[PDB]
Structures are given as structure tokens and as C-alpha cells.
Amino acid sequence: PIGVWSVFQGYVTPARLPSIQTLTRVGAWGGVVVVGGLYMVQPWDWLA
Amino acid sequence: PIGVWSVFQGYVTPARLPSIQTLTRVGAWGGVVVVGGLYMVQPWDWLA
Amino acid sequence: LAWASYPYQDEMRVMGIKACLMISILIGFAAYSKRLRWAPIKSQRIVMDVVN
Amino acid sequence: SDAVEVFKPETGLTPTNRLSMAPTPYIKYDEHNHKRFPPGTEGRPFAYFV
Amino acid sequence: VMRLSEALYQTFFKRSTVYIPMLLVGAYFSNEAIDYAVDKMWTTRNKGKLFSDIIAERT
Amino acid sequence: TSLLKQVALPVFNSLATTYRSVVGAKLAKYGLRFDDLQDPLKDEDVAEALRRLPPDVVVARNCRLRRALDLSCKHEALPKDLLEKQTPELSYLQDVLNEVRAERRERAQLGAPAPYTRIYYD
Amino acid sequence: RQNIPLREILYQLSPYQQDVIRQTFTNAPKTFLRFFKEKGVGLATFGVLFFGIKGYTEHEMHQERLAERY
Amino acid sequence: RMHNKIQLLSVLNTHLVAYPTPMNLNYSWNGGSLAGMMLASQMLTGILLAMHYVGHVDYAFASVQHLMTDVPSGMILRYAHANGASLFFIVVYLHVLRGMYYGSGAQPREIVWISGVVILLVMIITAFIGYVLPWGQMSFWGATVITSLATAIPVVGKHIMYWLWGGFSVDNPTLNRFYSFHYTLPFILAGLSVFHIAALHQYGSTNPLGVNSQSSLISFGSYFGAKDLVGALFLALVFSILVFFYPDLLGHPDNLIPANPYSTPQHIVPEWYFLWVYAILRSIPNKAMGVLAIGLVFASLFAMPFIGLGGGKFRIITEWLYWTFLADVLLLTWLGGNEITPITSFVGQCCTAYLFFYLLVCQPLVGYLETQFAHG
Amino acid sequence: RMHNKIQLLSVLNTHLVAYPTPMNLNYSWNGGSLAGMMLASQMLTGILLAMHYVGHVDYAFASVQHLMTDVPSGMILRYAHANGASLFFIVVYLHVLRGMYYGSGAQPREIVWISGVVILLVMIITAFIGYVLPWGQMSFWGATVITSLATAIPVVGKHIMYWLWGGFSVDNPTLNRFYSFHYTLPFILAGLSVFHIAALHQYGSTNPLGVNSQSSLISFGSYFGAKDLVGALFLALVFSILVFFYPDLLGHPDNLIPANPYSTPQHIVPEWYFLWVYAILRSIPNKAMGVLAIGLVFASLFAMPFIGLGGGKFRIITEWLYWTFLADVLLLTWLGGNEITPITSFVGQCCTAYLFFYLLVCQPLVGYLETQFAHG
Ligand code: HEM
Ligand code: HEM
Ligand code: HEM
Ligand code: HEM
């Protein structure tokens, strides 16, 4: 009863969902993994 | 400490030592080890 | 023949120089971060009623 | 609640009881290993840069 | 006494997602500087003994 | 034999006093006593003797151990005015511990065990 | 978790309100001398025993080699 | 709160993050983390080397050479493995000497000392069978000399020797089974280390003062992680120097000759960390008595938490005798590397007798006298 | 109590002797102990096997033959290790199907299910790279076909492929690294098994009734030791039949031919326990889409505790649908051993579509309908 049971019962409202700021702060981790992979591999001037 | 500190503190007495009947019945396990080794190796001419 | 026994001695020594320099700098940085964490404990004040 | 019924201290002018009733603002730390900065030193610490 | 600046704190230090890419570019440049210094010292000390010195000598 | 020990006992006493002088010089810088060097985890009789004590004696022993451990962390010794007041040989535990060990020796001659075990955790 | 009866006042300062490694240069010669004062007897008896027995053994080995000569 | 919801977070938090630890621990309490790190290093570099080694008597030496020259980073891995074994033994020996100095095996930590002695025996066997894998002259002839000690056991000695060899001599089946046993025993070492560490967490560590420390405990993760990092970096410096500048310093030149069963070297010696056991064995002119003496050394090591009295700084007579014991074991290390000679035989016999005297006579009796001096 | 004074005896007592277990567990709760017994058997037989196997091309086939005909009890060891993989997969598959039938992964046992899925993935990788080791035609060509499927990821394709191979084709470096990886992975299996069992003990097991069983719990060590012994004896009977009477029944005859990189066999099929994934891959006419579907199956397996509603009996619609799912999986297992034919391609596509339909549509929606019918 964690997962689809939470949304079938009506426990996932517009509230209790993450805000736009929370999703942006989590979404800012996308650049970190890209920069880390480019740091690890170093394909310099490989962008087309 | 429990090994030699107990002998030096006077905690090991004849009344606290195991009995001679206990030492006989515990020491009877020596024949079990001998017959177990003879069963494992079977290094005999004993069967005749 | 000395080259034949150790064909990569020059490369090993260059890597060893870089490694020794890097680890020697990192020893100072780690000592700094160790002493920063332990500073509230090394300078704490304990006052008690015991004199002995 | 009262401290005599909750903390239940000993009675007397012991060194701990004096600081319990009136703590002093002139706290002395040990300075054999680290010397303190002047009190009230503001700003984000330089240790992040290090 | 010495103290990190507030405006420099608010830019490169307050968020980890900004701190980590700065850390990686600083790591890249530090490795480049250490490589340069070690290679320059080694080539200066052992001048005339390397294989490239013989090859450039034969030009 | 009898007076063998009779004479061999003052030499033991002299060596014991020299030993206690040296160790008490070592102990006094940490503010410790000779009875603080006994661990309830290391000996179950010491653990039994420590719960037979009044609470203020136990509070003082814990305070002395805390001060010594703080001094050991700081790589320091006591200051001179505190160091001159230290009494490393003022016993608080030896009478109770001697009684506990005598009781255990008495129970063992009749085949009885001690009415306590080691400190077991978890 | 092992209640300990104790009466104290404890004070602690922030690690960003004191220095980190500056006192390490002042205390370094004193700590060196204190270390050798504390461990002087054990290191000396170790050195005396090890190097004396090694030197005696090497000397007698050299005498043994010389005794085999013609 | 978040670690209260998952078991694996809770166990890790309790035993790594918020574990109470005495605040006055010095740098002699870093040998355990360093030994664990060296075990992890040995396992990683060995797993990486196993992808290029061939356990056959026709290809073992040649694959070692090919890994040295042709495999990218293969020389770093091979030298790292061979010198990490020596640094592993250095760290473990210093850890054991710390325990001997402070008397750390005493109650309630008998299980910790016993699991430690078990770990050390497994470590010795692991290193010995790993040294045979390059199949050089020392690798062959040391395995020949040491596994020939089984014939000291009467009646069934040669049968056990031939069963361990797989034949009438050290040959290819010996190398193959040694490779399998050598791959296997480090995982038993990892399990034994996990058990050994979980035994210590029942009561905690002892402190340099030798007193009860339950009044002054701090969290392990915040404080002793950095203190362990400092020692790990000092170990990494020595590791880098040994790998890159002096790679064959702690080795033997005869192990670079391929194995020849028809021509023995003039001086068969082990690695340095087995030299004290070898000196104990060589000092006694009887093979059975030498094997018995080694077994009695390890029995005395097992019996330390029950016969040993006497600990750290405040117990001064045993503290002084510790340095005599240390000089004795280093003299045993030096004597193993030297040839058989009447004076070396005599000095080795005296040194073995002093080791037994210290282990079985000084530790109970002098410990009891100093307990009577201090608290009688 | 004697077990209350040593911490090893306390843990062993708590988790193997006095552990409270529901008293109405039937014989379909013996899958886990059988899987652990098979893991231990595989580890023992393999460690014995590695003392006679040489992990090099031009020696591997001959070393397996020397093991089979010249090593005493070597044929028993090889056939036991070969058929034990099949029995291990039989037992683990029946265990997973039990968990699918009863809804065993639901709250609060989601960690148990997830660690099981991780164990299954490691088992698959271990069995595949161990199948490469004898170096026959099936070994070489299966390793070629599977590892040359990384050319479906765009751009970073053949780079990963050539780094896996250590070259440009499957050759001696691939075999040599596969030996090390295969030796190493079962210890990770044993550690993951210990973690998996420890995760179950937090909440205990479910029962065939599917109700709370806290009122009726009995000791494990007396009642469920003999019950596990009975099933272990049945498994030993099947194992002995497979080893001694039909040793090559489950195999492929082409793996008794030495590997030839220039000649390929007519039909390249894996072992039987890999056949359902092979049928899913081979049914879809696109390599990247086949790899995506294979990944999606395991993703839906991981997501099962959070999307799957519905258990054993008293939930009868999902109970009936389980048998269609079992028929679908067995059909996919049968289709993987056939040739590529338009009717078999169509049937395999329909079976893959129904597998995804059951895993992602039936389990949440039909389960929610059952809950609304029963308690709505
Ligand atoms: C899973 C763990 C390990 C694996 C797979 C492994 C594997 C190997 C292999 C394949 C070799 C032969 C290659 C060579 O000679 O350079 C070797 C050598 C050796 N290993 Fe390890 N090893 C492991 C752990 C250990 C440990 C824990 C020790 C502890 C002392 C150790 C000590 C040695 C020694 C002394 C050698 C001989 C090195 C030489 O003189 O060339 N190994 N190991
Ligand atoms: C692979 C080998 C080993 C590992 C990973 C290991 C690990 C550890 C660790 C992490 C500690 C806690 C802190 C410390 O004292 O460093 C410890 C303590 C201890 N170890 Fe080791 N150890 C190993 C071998 C040994 C051996 C060979 C012995 C003795 C023969 C031993 C005896 C002890 C003792 C008695 C303690 C408790 C000391 C104290 O807390 O005062 N260990 N071990
Ligand atoms: C080598 C592999 C495995 C071993 C040794 C193992 C072991 C066990 C054992 C001993 C139990 C308790 C007794 C039993 O219910 O059988 C158990 C329960 C369980 N296992 Fe496994 N298992 C393995 C693989 C798996 C896999 C592959 C899965 C799922 C994909 C899984 C999921 C579960 C679940 C959900 C339970 C709880 C069942 C219930 O209580 O209703 N296990 N496992
Ligand atoms: C420490 C554990 C293990 C070791 C040392 C080991 C060792 C070996 C060795 C040396 C071989 C090649 C010799 C031969 O094929 O006869 C082999 C083959 C194989 N291994 Fe194991 N193994 C282990 C565990 C496992 C496990 C857990 C599985 C399955 C999940 C497995 C599956 C296989 C298979 C299927 C083969 C092919 C056998 C054949 O067809 O001849 N192994 N293994």
C-alpha cells in the first residue's frame, strides 16, 4: 500500500506534491552528473 | 580476568572443581574420537 | 640489460614524483580538516567540584 | 518548574552551583591547542576556502 | 581575522549543485599545473639523455 | 619458610613503596588515584564493589575519570596549584573490594558461586 | 545507553571562532622533547639490546669466517 | 529519523556514524582501519591481476611478464599487490604489538584477541600460497622446503605430503590448487574481519589511559573519520614510494629466475614477514621440535587473554619488559635472513627461549606482582 | 543461559533456533533453504573444480577433459557443478513464482523482493560467464552473440564492446577475465543472500492464508529443520539422478566440440534457464528495442511491490490470472529453443505483449477491483 494504492485512495493531492522550487532544486542535479561525466571522460571539443 | 587471576585470588577450590565422576564421564568422549577417526580412515587389519 | 629488467623506470619515476607531491599536499589539507573538526573538543572547558 | 525538585542539586556554594545560579559571560576556554578569535567575529569562515 | 567574502560565498558556496562543477574545473586545472611542473623539472634535469633529444639532434 | 617470609616481607614492602611512589607521581598529573585504575568491565568484583558505594563517592570517581580523559585528549597535565594538592593514595574502594573478595573466597570453599556475573551488554 | 552520574559544566567554542594550525608550530619543539622524555627509556633499552646482540653476532660471524682461512 | 525506516541504514548509522568512542584515542588506534584498507586494496588488485594470470607451470611466469610489459597499468597493479602484501603485514604486526603493549586482549575482550589470532594465521597461509604463484625459484623452493615439514609427523607424514602435492613432488597440480586456495582465502579474511569488528563493538575500545571511559564518549563518524583519513594518507605516501621508486626493495632477485627443480639456490629465504617463524624453526635442530615450538608460540598467543596480567603506562615493570620483547622479535626477524652458523644457532635458541619466557612467565607472574604492588 | 554470554551464540540462537515462524507454512515455503543449499553446493563444487581447470585458450578444453577422466571423483564434481546450476535455477524460479502467487513482496517486505531481484540478476550473469569457461562451440558463440549486443546503444557502442573483449573479438583475454569475474561473483551472491535473509527477519514470513499470523508462531529450529530436511532429500534424489543417470540431458552436444571462431554452428541457443529472455529478445525485430524490452521486464519486476495488488487465495481473479502468466512464461521458454519462423515470431510477440500486460495492467487494476469487491 505504498505506490499505486496511495493514488487510488486520493492521498496524492495538489498539496503534498513537491513544489516548483523543490523540483528545480532536484532538477539542478542534472547538470552535475553531466559535468561529472564530461570531467571523467574528457571528450574535448566533441560537440559535433 | 578469569584464567590465572581466579587461581591467584583463591577462587579455585576442591569444592568448586568438577567431581571425579564428572571427569570420568567427560573423558569418555576420548574413545568416541578414536572410533570416529577409525571409522573415517578405516586404516585397519582389524576386520580379519 | 638494466633497461631490459625495468623498461618503465622513467615513467614510474615521473608518476612517483607526481604522486608524492600530491599526497604530501593532501596530508597537510587532511591535517587541517582533522584539526578543524577536533577544535571544539581540544579547547573545551570542564569545571567540576572535584579537587582531590 | 523549580530546579530543586527537578534537577535536585546539592546545597552549598560549590563551583558548579555558583555557575548554575549565575553564569559568567567571561568564559575561558583552553588555549594550549587553539587560540580563539576575538569574540563576536562575523563573516563566513575562511576554512571553506581552505 | 581573515574571513571569506560574503558575495563570493553567495555565488560559489551556498549550493552544492554550483559548488561541485567549480570543484571539477579547479581539479582539472590543478592536475594540469602539477603535470606541467613535474614534466618541466624532469625534462630540464635529464636534458640530453632522452630519446627525443637524440631525435631532435639528428634533424 | 615462616620467618623466611618474615624477612622477605620488608623487602616486599620497600619495593611496593618505591613502586607506589613512581606510579603515584605518574598518576597525580592526571588527577587520578590508585583505585581509579580498576575497571568494572575488567573485573566483576570491582563491579560489585562499586555498587556498594554511596552515590557521592561514585560521582567523585566519575568526575576524576572525566577530568583525566579530558587531560589525556588535550595532551596536558594539571597546573602546579592543582598538582600539589593531589592525593593518589587516598583509598575509597579497597575496604569494600577486600570485603567482596573475602566473601567470594568464603563461598568458594563451600562450593557456592558468587552471586553476580560479568557485565553483559546487548 | 549506560547512564553515568556526573556533575559538571561544559563549555565549547565554534570551530570557526578559533585558529586551526597556527599553534602547531609553537608547540612542535616542546612536543618533540616531551615525546622523547616519555619514551626515552624504552627506546634506549630496545636500541641497546638489538644493536648490541646484532653487533656481537656479526663480530663472531666474522671471526668464524676468519677461522676457516688457511 | 530516516535511518529508523530501513534496517540497513540503521545498522550503518549505529556502527559507523553515531558509535561512541573514547575521546583520548591517539594515533596508535589507527592500525585497524589501515589493516582493513590494506585488505580491500589487496582484494581489488588481486581481482584485477587474476584476469591476466594463468595458473599453469608452462604459462605462469610468462603471463606475469606479459602483464608487466603489455597490459596497460599492469606493472602498477602487480607492484601494488606485491608491496601491499608487505604493507599489510607491517600494519597488522604494529596492530598486534599495540595490543601486546596495552594488554587489550583482557576481559571483556577475549573474543577480539582470539579472532585476531585466527585472522593472523589465515593471513600467513594466504600470503605463503600467493608467493608460489609467480613460479620463480624462491616460489618453488620455499614451497618445497616448507611443505616438506609434514614428514616430521611420524607414520602418516609422507602420505599427507603427497596428498597436498598431488604427486611425488611440487609440480603443476600443486600450483593449480594453490591458485584456487589463494583466490578463496581472502574472502574468509573479509568475513573474519567483519566478525572481529562486530565483536569489538559490543564493549568499545580501550583508551591510552587504561581506565574506564564511559563518561567521555564521542561519535565515531564525525571525529574519527578524519583522524583515520590522515593515517590513510601517510600510508598512501609510503605505498607510492614503494611502488614507484623501489619496487623490488622488499623482494628477492631469485624469484625473477624461472623455477628449476634440479638446481636449488644457495640461500633459500622467505619474505621478510615470515623470517621470525623461520628463525624459530632453524634454531632448533629437530624438525618435530621446531614445528611444536611454532605451535606453542601460537598457543601462547591464544592463551594471552587468560594468562596475561599487566597493561599500559601505569603498569611500569611490564611496560619496560615490552621493549625487551620487541627487541627479541626484531632479532628473530634479522636472524632468519642469515645463514646457519654456530653463533646464529646459539643466539636464535636464546632468543626463542626469551620469547617463551616473556610470554609464559613475565606476563602472569610480573603482572600479579604489580597488581599486588598497586592495589594490595 | 549459555547462549546469553557469547554474542555469536545469541545471534545464532535468535535467528536459527528460537525464531518464531507461522505454524501453517506448507512445502512451498522450502524454496529459500533449497536455494541456499544449492548456492553452497555450487560454491563447494566450483572451488574443488578450480584446482584442475586452466583458464587459457589451448588449455581449457584439455584441462576439462583431464578433470573428467584422470582426476579421482572429477567426473562427479564436473557433472554435479554443471547440473547444479540447472537445479539452482529451478529452485530459484519456483521461489519467485511462489512470491508472485502470494504477493509476498508487498508492504512491509519490499526490501526482501528488491534484494531478491538483485540476487537473480547476479545469478544470471554468474551462470552466463561460467558457461563460457569450458571453451566449446556453444560457449564461444553464445559469448559472441550476447556481448556483441552493446552495439545498440548509440555512439558509445563498439567502444564498450571492445573494452569488454579486451581486443576485437572474443579471445583469450575475454576467457581470462571471465574466469576471474566468475570466481568472484558467487561471494557477492552469498553476501546478498545473507542480507536478503536478514531483511525478511525484520517482519517474518507470510502464511498460505494471507492473514496476520502473530497469534500462532512456533520455534524455527525444532519444527522447520526436519521439514527442510525432507525437501532437501527430495532435491538430493533429483540431483543424484541427474548426475549419475542423465548427465548430459540438459546440456547441448555442440559444447563438446572445441571452439572455432571461423565456423559457426547451425543453431545457437543458450542453456534452458536463459531461454525466455532469449525468446523475448529474438521475437522483436530490432536489437535496441529487444534490449529495451529485456530491461523493462526487470524494471517491472523491481516495481512490483509498489504496483502489485493481490495475493493468493481469497483473491480469486488474480489467482486465476497467475496460471495464464505461468503458461505464458513456459511458452516463452519453449519458443527460445526453436528456429526463427514467422508463426513463432508472431507467437513470441503475443507472449511478450501478454507478459507486459499481466505485469503492468492486471496486477494493479485487477487487484484494485478485487479490493473494491471484497472490502468496498
Ligand atoms: C581476492 C583476493 C586476492 C586475489 C584474487 C589474489 C590474486 C593473486 C594472484 C593472481 C597473484 C599472482 C600474480 C602475481 O604473482 O603478481 C597473487 C600474488 C600474490 N598475492 Fe594475492 N590475491 C588476493 C589477495 C591477497 C592477499 C589478502 C594477500 C595477503 C598477504 C596476498 C598476497 C599475495 C602475494 C604475497 C603474492 C605474490 C606476489 C609476488 O611476489 O609476485 N594476496 N595474488
Ligand atoms: C585483517 C586484520 C584486522 C583488522 C581489519 C582489524 C580491525 C580492527 C579495528 C578496526 C579495530 C578498532 C580500532 C583499532 O584498535 O584499530 C580493532 C581492534 C582490535 N584488534 Fe584488530 N584487526 C585486525 C587484526 C587483528 C589482529 C591480528 C589482532 C591480534 C592478534 C587484533 C586484535 C585487536 C584487539 C585486541 C583490538 C581491541 C584493541 C582496543 O580497542 O584497545 N586485530 N581491530
Ligand atoms: C540464491 C537465492 C535466494 C535465496 C538463498 C533465498 C532465500 C530465502 C529464504 C531462506 C527465505 C525464507 C524461507 C522461504 O520463504 O523460502 C526467502 C523468502 C523470500 N524470498 Fe528468497 N531467496 C533467494 C532468491 C529470491 C529471489 C530471486 C526472490 C524474488 C525475485 C526472492 C524473494 C523472496 C521473498 C519475497 C520472500 C518472502 C516470502 C514470504 O515470506 O512470503 N528470493 N528467501
Ligand atoms: C565460488 C563459486 C564457483 C566457482 C569457483 C566456480 C567454478 C567454475 C569453474 C572452474 C568452471 C569451469 C570448469 C567446468 O566448466 O567444468 C565453472 C563452470 C560453470 N559454472 Fe561454476 N563456479 C562457482 C559458482 C557457480 C555458480 C553459483 C553458478 C550458477 C549460478 C555456476 C555456474 C557454472 C556453469 C553453468 C558452468 C559451466 C559448466 C559446464 O557446462 O561445464 N558456478 N565454474
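Residues numbered from 1 in each chain as written, not as in the entry; some residues may be left out. Chains lettered and ligands numbered in written order. Part of a larger assembly, values for the part shown. Heavy atoms only, no water.

- For this deposition, the record names cryo-EM as the technique by which the model was determined and cites 5.44 Å as its resolution.

**Comments concerning the coordination of the iron atom of ligand 4**
All names here are of chain I.
Phase 1 of the analysis: Protein-derived coordination of the iron atom of ligand 4 comes from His81 (NE2) and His182 (NE2), at a distance range of 1.9 to 2.8 Å.
Phase 2 of the analysis: Here the iron atom of ligand 4 binds six donor atoms, and the angle range of 76 to 174 degrees at the metal identifies the geometry as octahedral. You can see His81 sitting in helix α4 (residues 74–102) and its partner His182 sitting in helix α8 (residues 172–200), a full 101 residues away along the chain.
Phase 3 of the analysis: For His182, a relative accessible area of 17% puts it in the buried group. (Donors = N, O, S within 2.8 Å, 3.2 Å for Na, K, Ca; no water. Tetrahedral: all angles 85-135°; square planar, octahedral: opposite > 155°, others 65-115°. Helix = DSSP H or I, 4+ residues; strand = E, 2+ residues; numbered from the N terminus. Buried < 20%, exposed > 50% of the residue type's maximum accessible area, 1.4 Å probe, protein only.)

**With respect to α4(I)**
All names here are of chain I.
Phase 1 of the analysis: The end-to-end C-alpha distance of α4 is 42 Å, a good match for the 42 Å that 29 residues give at a rise of 1.5 Å each.
Phase 2 of the analysis: Its maximal kink placed at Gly84, α4 deviates by approximately 25 degrees.
Phase 3 of the analysis: Most of α4 is tucked away: 21 of the 29 residues are buried.
Phase 4 of the analysis: Immediately beyond the C-terminal end of α4, within one or two residues, lies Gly103, with a positive phi of roughly 65 degrees. (Expected span 1.5 Å × (residues − 1). Bend = angle between axes of the 7 residues up to and from the residue.)

**Section: the interface of chain I and chain H**
Phase 1 of the analysis: Counting residues at the interface gives 22 residues for chain I, matched by 23 residues for chain H.
Phase 2 of the analysis: Interface area for chain I against chain H, summed over the two sides, is near 2,100 Å², with a carbon-plus-sulfur share of 64%.
Phase 3 of the analysis: Where chain I touches chain H, the interface holds zero salt bridges.
Phase 4 of the analysis: Along the contact surface separating chain I from chain H lie eight residue pairs in polar contact.
Phase 5 of the analysis: Broken down by secondary-structure element, the contributors of at least two residues to the side of chain I that touches chain H are α1 (7–16) and α8 of chain I. (Contact = heavy atoms within 4.5 Å. Buried area = accessible area lost by both parts, 1.4 Å probe. Salt bridge = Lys/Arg side-chain N within 4 Å of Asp/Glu carboxyl O. Polar contact = N/O pair within 3.5 Å; in protein donor to acceptor, adjacent residues only side chain to side chain.)

**Structural notes on the site of ligand 4**
Residues and elements named next belong to chain I.
Phase 1 of the analysis: Not every one of the 19 residues close to ligand 4 is listed here, only the nearest: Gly46, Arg78, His81, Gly130 and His182.
Phase 2 of the analysis: Take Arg78: an N or O atom from its side chain is 2.8 Å from an oxygen atom of ligand 4.
Phase 3 of the analysis: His182 is positioned such that a nitrogen or oxygen atom in its side chain is 3.0 Å from a nitrogen atom of ligand 4.
Phase 4 of the analysis: Those elements that provide at least two residues to the shell around ligand 4 are α2 (31–49), α4, α5 (110–132) and α8. (Near = heavy atom within 4 Å.)

**As for the site of ligand 2**
All names here are of chain H.
Phase 1 of the analysis: Lining the immediate environment of ligand 2, one finds 22 residues, of which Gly32, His95, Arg98, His196 and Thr206 sit closest.
Phase 2 of the analysis: Between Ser104 and ligand 2, the recorded distance is 3.4 Å, taken from a side-chain N or O atom to an oxygen atom.
Phase 3 of the analysis: Between ligand 2 and the protein, one listed contact pairs an oxygen atom with a side-chain N or O atom of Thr206 at 2.5 Å.
Phase 4 of the analysis: A breakdown of the residues in the shell around ligand 2 according to their chemical character gives ten nonpolar, eleven polar and one charged. (Nonpolar A, V, L, I, M, F, W, Y, C, P; charged D, E, K, R; others polar.)

**Remarks on unusual backbone geometry**
Most of the time, phi is negative for any residue but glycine, and the peptide bond is trans.
Phase 1 of the analysis: Of the consecutive residues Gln107(H) and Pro108(H), the connecting peptide bond is found in the cis state with omega at 5 degrees.
Phase 2 of the analysis: The backbone of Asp122(F) sits at a positive phi, close to 65 degrees, despite the residue not being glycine.
Phase 3 of the analysis: In this structure, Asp122(F) sits in the segment after α5 (94–109).
Phase 4 of the analysis: Phi angles above zero are rare outside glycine, and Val155(I) is one such case at about 60 degrees.

**Some details on the relation of the copies chain I and chain H**
Phase 1 of the analysis: The operation relating chain I to chain H is a screw motion whose rotation component is 180 degrees, with 0.0 Å of axial translation and a residual RMSD of 0.2 Å. The relationship between the two copies is best expressed as a two-fold rotation axis.
Phase 2 of the analysis: In this assembly the copies share their binding face: 95% of the residues contributing to the interface of chain I also contribute to that of chain H. (Least-squares fit on C-alpha atoms.)

**Comments concerning the environment of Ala40(H)**
Phase 1 of the analysis: Inspection of the secondary structure puts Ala40(H) in helix α2 (residues 31–49).
Phase 2 of the analysis: In sequence terms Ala40(H) and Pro186(H) are 146 residues apart; their C-alpha atoms lie 9.5 Å from each other.

**Let's talk about the pattern of salt bridges**
Close approach of charged atoms allows side chains of opposite charge to pair.
All names here are of chain F.
Phase 1 of the analysis: By the definition in use, this model includes 19 salt bridges over all chains.
Phase 2 of the analysis: Taking the shortest distance from any N to any O, the salt bridge between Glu103 and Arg52 comes out at 2.9 Å. With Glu103 in helix α5 and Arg52 in the loop between α2 (44–50) and α3 (55–74), this pair connects stretches of sequence that are 51 residues apart.
Phase 3 of the analysis: Taking the relative accessible area as the measure of exposure, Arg52 reaches 35% and is therefore partly exposed.
Phase 4 of the analysis: For the salt bridge of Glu84 with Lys80, the shortest nitrogen-to-oxygen distance reads 3.9 Å. One exposure class covers both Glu84 and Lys80, and it is exposed.
Phase 5 of the analysis: Several salt bridges share partner residues, and in doing so they unite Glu48, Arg51, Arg52 and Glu103 into one network.

**Topic: the packing of aromatic side chains**
Phase 1 of the analysis: Overall, the coordinates contain 64 aromatic pairs over all chains when judged by the stated rule.
Phase 2 of the analysis: Taking the centre distance of 6.1 Å and the plane angle of 5 degrees together, the rings of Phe220(I) and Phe224(I) count as stacked. You can see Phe220(I) and its partner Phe224(I) sitting in helix α9 (residues 220–244), four residues apart, about one turn around the helix.
Phase 3 of the analysis: Taking relative accessible area as the criterion, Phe220(I) reaches 26% and is therefore assigned partly exposed.
Phase 4 of the analysis: For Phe224(I), a relative accessible area of 7% corresponds to the buried category.
Phase 5 of the analysis: Ring pairs connect the aromatic residues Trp29(H), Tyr101(H), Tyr102(H), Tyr322(H), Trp323(H), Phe325(H) and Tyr358(H), which therefore count as one cluster.
Phase 6 of the analysis: Just above the ring of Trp38(C) sits the side chain of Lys34(C); from NZ or CZ to the centre is 4.8 Å.
Phase 7 of the analysis: Directly above the ring of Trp29(I) sits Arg98(I), whose terminal nitrogen or CZ lies 5.1 Å from the centroid. (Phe/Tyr/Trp six-rings, centres within 6.5 Å; stacked < 30°, edge-to-face > 60°. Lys NZ or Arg CZ within 6 Å of the ring centre and 35° of its normal.)

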